[PDB]
């Protein structure tokens, strides 16, 4: 978790909306089973993609305002931001390989 940005309602603007480049935000909660595998994959992704992609987490139980703003309906949900705007989303569990091709799909 050393390479994952911890987001809240109060840091989201600065850390995501005003951030240059790509940020992958993981919307999660402790009660979400599928979110645990997502977390392990994301640690590897954050490491492998350092300097190309920032990875972050937003707990929806603790930050319902942000969850509502982005229309989160179920978790896990991954939101990919580029220069402060939503570029892509993926709802529900996926494999590491699938996440890599989802990321590749969003290359300029």
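Numbering follows the first chain given and starts at 1.
Inset, instruction - For the C-alpha B-factor as written in the entry, point me to the maximum among 45, 60, 78, 38. - result: By C-alpha B-factor in the record, 38 ranks first.
Legend entry - Ranked against its chain, the third holding the CA B-factor of residue 22: It belongs to the highest third of the chain when residues are ordered by C-alpha B-factor.
Legend entry - Ranked C-alpha temperature factor of residue 14 among modelled chain residues, by third: Ranked within chain, residue 14 CA B lands in the highest tercile.
Inset, instruction - Check where residue 32 lands among this chain's C-alpha B-factors and tell me if it's the lowest, middle or highest third. - result: Tercile = middle for this residue's CA B-factor.
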